[PDB]
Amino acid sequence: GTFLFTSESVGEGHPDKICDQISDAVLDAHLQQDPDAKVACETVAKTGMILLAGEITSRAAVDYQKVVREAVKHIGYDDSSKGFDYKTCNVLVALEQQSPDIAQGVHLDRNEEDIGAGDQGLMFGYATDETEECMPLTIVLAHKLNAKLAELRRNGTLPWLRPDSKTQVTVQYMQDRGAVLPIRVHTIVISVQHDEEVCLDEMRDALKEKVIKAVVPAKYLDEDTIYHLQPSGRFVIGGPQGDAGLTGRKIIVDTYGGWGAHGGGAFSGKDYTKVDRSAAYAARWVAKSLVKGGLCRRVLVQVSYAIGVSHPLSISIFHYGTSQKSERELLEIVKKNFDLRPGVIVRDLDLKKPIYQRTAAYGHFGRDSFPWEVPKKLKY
């Protein structure tokens, strides 16, 4: 009845995550001046370079040099000794207006509630009662390990830490009538960029004592837990110098860590008309509402859209055997309580608010009581 499951997370200075945070800093900069900005901002990061590529139609006057550099400063890349510096890096901009063919097919001359989906696609929402925040323990732990590294770097406890990090947690679970119960942590991996002065044994000791023990409850750790701490042996070169980063290359870290399902769409750098983001947020909101509402212990929701069409093409619900109600009954409850048109989701989840940079590291779900994390009281 037991099984293993592994999830990973990355830190704020992982090059792909730098890109997601810059793309969302650009989106927020536009939304601060024009709540109806149409934004599709991709970011690429490599040694010394941030390139913005995409499409933006907006009435805002945005200083891209300032927005980009301020986001890199927040992450912690502020000196050539760290491999990247917000003060002196190259910021290249290849941004054009949104395609008029897309604009006419999606939102031009359309009533806001009846705007079409900004693209076709499929999206999933997932929730599990295994944690209070309704997220898998594997991904919650993996995110908290990266957050702890950033905390210890920023407070000066471990001054040899640099912003680029990755973590991975394998948990042994027990099956329980469709639901899952965490038993113990089987393996933890941590890799983090570091300075040239600190030795490997000092790093491994700190990662176990000051990071793992500060995040993972002792009840999950035992004599058999496997630790792979700094397994490469050396990680001085890091950030964009060590590996090219792109927006939307950490979509499983952004969501459920492999649990549930994913439709493929990236979140960062997109306004609400892009259903890859808004409909995934709404699907998480529906899933969490079904679990917090006591209708299921674990649930998966799929929705799909066609470009230019407001209503979803399909809606499906899988309760893993954890509900007394059938899928048909749960779908009827969802139809009575939710309107999954993008032009209505924007109002329910306040998606013109410039809070997106906050979502772009540590996962979009299970944190900080964002609107999609506040369950809706269901009427049925």
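In case it trips you up, residue 1 is the first one in the sequence shown, and so on. The term rigid core refers to the most C-alpha atoms you can superpose between the two forms while keeping them within 1.5 Å.
After superposing on the rigid core, which of 324-332 and 63-71 has its C-alpha atoms sitting farther from this form in 7 other deposited structures of this protein?
With the rigid core superposed, the C-alphas that lie farther in 7 other deposited structures of this protein are those of 324-332.
Worksheet item: Going by the B-factors listed in the PDB entry, is the mean over the C-alpha atoms higher for 321-329 or for 342-350?
Response: 321-329 has the higher mean C-alpha B-factor.
Checklist entry - Taking the recorded C-alpha temperature factors, which stretch has the higher mean, 240-248 or 215-223? => result Between 240-248 and 215-223, it is 215-223.
*C-alpha B-factor winner, where the candidates are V253, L108, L141, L300*: Largest recorded C-alpha B-factor: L108.
Peak C-alpha temperature factor (PDB record), options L229, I307, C296, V275: When the deposited C-alpha B-factors of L229, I307, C296, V275 are compared, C296 is largest.
| query | Lowest, middle or highest third: where is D119 by C-alpha B factor in its chain? | reply | Tercile = middle for this residue's CA B-factor.
By its CA B factor, does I188 count among the lowest, middle or highest third of the modelled residues in the chain?
-> Its C-alpha B-factor, which the entry lists for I188, ranks in the lowest third among residues of this chain.
Next on the checklist: Please place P371 in the lowest, middle or highest third of its chain according to the CA B-factor in the PDB entry.
Outcome noted: For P371, whose C-alpha B-factor we compare with every modelled residue in the chain, the answer is the middle third.
Splitting the chain's C-alpha B-factors into thirds, which one does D164 fall into? Tercile = lowest for this residue's CA B-factor.
Third of the chain's Cα B-factor distribution that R204 belongs to, per the entry = Middle third by C-alpha B-factor.
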